[PDB]
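If you want the building blocks of each chain, they are given just below.
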Amino acid sequence: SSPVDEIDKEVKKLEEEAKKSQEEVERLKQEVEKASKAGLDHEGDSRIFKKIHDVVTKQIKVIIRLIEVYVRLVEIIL
Amino acid sequence: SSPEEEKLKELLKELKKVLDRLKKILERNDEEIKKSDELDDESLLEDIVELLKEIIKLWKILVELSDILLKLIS
Amino acid sequence: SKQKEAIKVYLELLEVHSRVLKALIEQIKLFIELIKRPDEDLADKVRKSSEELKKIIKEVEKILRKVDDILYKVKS
């Protein structure tokens, strides 16, 4: 109902996505370390980078949604 | 409309500009990497360079936006 | 290899962006309470979180410089 309270609700939802992102990042770091300790082909390094690229992209998209919520917070008081 | 509010609205429109171009970069980088098989090292670092530049501009606007908001809310 | 070098950069970005998420969420919550009720202690920890973000900017600029160093040597 209230606009600031709607934003508070949206931040708590994005905060949970951050926690899930960090959990996915920790699973990635374990796989990269396992891939680092193994002799990988140039195609093996390719799939590893593509895996890391997807996690990086997801994480930044969570940041962007946070900022777009942040922007809405600024426009409310204006 | 006051000076400090206009300064915030200018930075807010610059923030929307930065976010828009940042999403275009993420899409282009994702599009270029989805070609699979072997990846060129030069273009990979160049795509990273362009991403880092917008990311740096993004944070700089957030830092300045936080300062203006504290002045407005006092 | 240079593809392993771009892997190290992205892993550095993940650790950096995690602290950007944590700092950005704190600032939004602080402004939510500042808009509902002004408090100098809340404003101080906003300035603290803003200064933390400034140091993160410097870390990302260092990452960028190191990548530019590689690109300059690659294109050489």
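Method of structure determination, per the deposited record: X-ray crystallography was used for this entry, reaching 2.10 Å resolution.

Chain C appears in the PDB entry as DHT03 protein C from synthetic construct. According to the PDB record, the title of this entry is "Crystal structure of designed heterotrimeric assembly DHT03".

Chain A is annotated in the PDB entry as DHT03 protein B from synthetic construct.

Visitor: Which residues make up the nonpolar core, and what values do they have?
Guide: Among the nonpolar cores identified, the biggest contains 82 residues, and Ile52, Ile67 and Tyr70 of chain A, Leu15, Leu58 and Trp59 of chain B together with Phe31 of chain C are the most heavily contacted of them. Only α1 (3-36) and α2 (42-77) of chain A, α1 (3-33) and α2 (41-73) of chain B together with α1 (2-36) and α2 (40-74) of chain C provide two or more residues apiece to this core. Ranked by the residues each element gives to this core, the list is headed by α2 of chain B, at 18 residues. Residues in contact with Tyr70 of chain A, not counting those within four places in the same chain, are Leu62, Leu65, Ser66 and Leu69 of chain B together with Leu24, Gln27, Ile28 and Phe31 of chain C.

Visitor: Any chance you could break down the interface of chain B and chain C for me, citing the residues and the numbers?
Guide: Interfaces are often described in size by the accessible area the parts lose on coming together. In this assembly, 20 residues from chain B lie in contact with 30 residues from chain C. Together, the buried faces of chain B and chain C total about 2500 Å²; carbon and sulfur atoms form 81% of this surface. Inspection of the region where chain B meets chain C yields two salt bridges. Residues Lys60 of chain B and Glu61 of chain C are paired through a salt bridge, measuring 3.3 Å at the closest nitrogen-oxygen approach. Between the two partners, chain B and chain C, sit two residue pairs in polar contact. Of the residues that constitute the side of chain B that touches chain C, the class distribution is 14 nonpolar, one polar and five charged.

Visitor: Can you explain unusual backbone geometry? Please cite residues and give values.
Guide: All names here are of chain B. Of note, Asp37 is a non-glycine position whose phi angle comes to about 60 degrees, a positive value. Of note, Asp37 is situated in the loop between α1 and α2. Even without being a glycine, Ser74 presents a positive backbone phi close to 60 degrees. Here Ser74 is to be found in the segment after α2.

Parameters at a glance
- Residues numbered from 1 in each chain as written, not as in the entry; some residues may be left out.
- Chains lettered and ligands numbered in written order.
- Heavy atoms only, no water.
- Core = buried A, V, L, I, M, F, W, Y, C linked by side-chain atoms within 4.5 Å.
- Buried < 20%, exposed > 50% of the residue type's maximum accessible area, 1.4 Å probe, protein only.
- Helix = DSSP H or I, 4+ residues; strand = E, 2+ residues; numbered from the N terminus.
- Contact = heavy atoms within 4.5 Å.
- Buried area = accessible area lost by both parts, 1.4 Å probe.
- Salt bridge = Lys/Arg side-chain N within 4 Å of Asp/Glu carboxyl O.
- Polar contact = N/O pair within 3.5 Å; in protein donor to acceptor, adjacent residues only side chain to side chain.
- Nonpolar A, V, L, I, M, F, W, Y, C, P; charged D, E, K, R; others polar.

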